[PDB]
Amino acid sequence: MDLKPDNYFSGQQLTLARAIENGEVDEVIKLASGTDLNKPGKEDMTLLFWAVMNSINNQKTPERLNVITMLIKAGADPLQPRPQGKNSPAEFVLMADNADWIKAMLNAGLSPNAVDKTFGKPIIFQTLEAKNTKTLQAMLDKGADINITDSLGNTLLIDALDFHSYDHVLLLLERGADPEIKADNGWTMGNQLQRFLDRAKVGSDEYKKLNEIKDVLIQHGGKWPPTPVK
């Protein structure tokens, strides 16, 4: 509900956590230079996750978003993993339905092609689980490689179609993502799209969206029908 900073921090980290709680940008800038920004408090809480938690709902204000920026500028690591394969603040806010929080991190100069420190996967892949394309748009607008690949050669376009993240697929195609890239297994996005199209029920909402993807693919110059997998 209403979080209390004393449940997670003590000492100088608590003094900074209270400045964050109060949304006091100048006090945050003053204190962040002398505080250990990355040592976690209790319950896996870090000072940067605390800043995210203090910038949501009625606290999603320009100053409280800028607190995130200023903590990263001071040395708080936006790619710090949590234990047990849990994700960093940058990956976490890429899952949001609004890009304000990732933009506050990009405003501190986080690379849009950054990879996560546990799995080595480009953090932009985490946008595919968001309920709309706003966080992917923010990453692409800041200059991310639209054709970046994971360790198995999958692109955002390939992974988004597999995820059934069809609005991400459409956005990637409209922004000029290369649909002809083959993953290590030799598949293109289009190879899967053809499988999906062939099994879809005529007139279902899935059928309608997959055909829209096919039309947009062609409209942006993609090869159709696809070359069969070798």
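Just count from 1 along the sequence shown to find any residue number.
Engineer: Mean CA B-factor: is it higher for 209-217 or for 5-13?
Structural biologist: It is 5-13 that shows the higher mean C-alpha B-factor.
Engineer: Check the entry's C-alpha temperature factors for 160-168 and 177-185, then say which stretch has the higher mean.
Structural biologist: According to the entry, 177-185 carries the higher average C-alpha B-factor.
Engineer: Among the modelled residues of its chain, does the C-alpha B-factor of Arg199 lie in the lowest, middle or highest third?
Structural biologist: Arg199: CA B-factor falls in the highest third of its chain.
Engineer: Quick one: classify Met53 as lowest, middle or highest third of the chain based on its Cα B-factor.
Structural biologist: Highest third - that is where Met53 ends up once the chain's C-alpha B-factors are sorted.
Engineer: Which third, lowest, middle or highest, does the C-alpha temperature factor of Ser88 belong to within its own chain?
Structural biologist: Within its chain, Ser88 is a lowest-third residue by C-alpha B-factor, going by the deposited values.
Engineer: Going by the CA temperature factor in the PDB record, which third of the chain does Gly143 belong to: lowest, middle or highest?
Structural biologist: It belongs to the highest third of the chain when residues are ordered by C-alpha B-factor.
Engineer: Going by the entry, which third of its chain does the Cα temperature factor of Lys30 land in?
Structural biologist: Ranked within chain, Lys30 CA B lands in the middle tercile.
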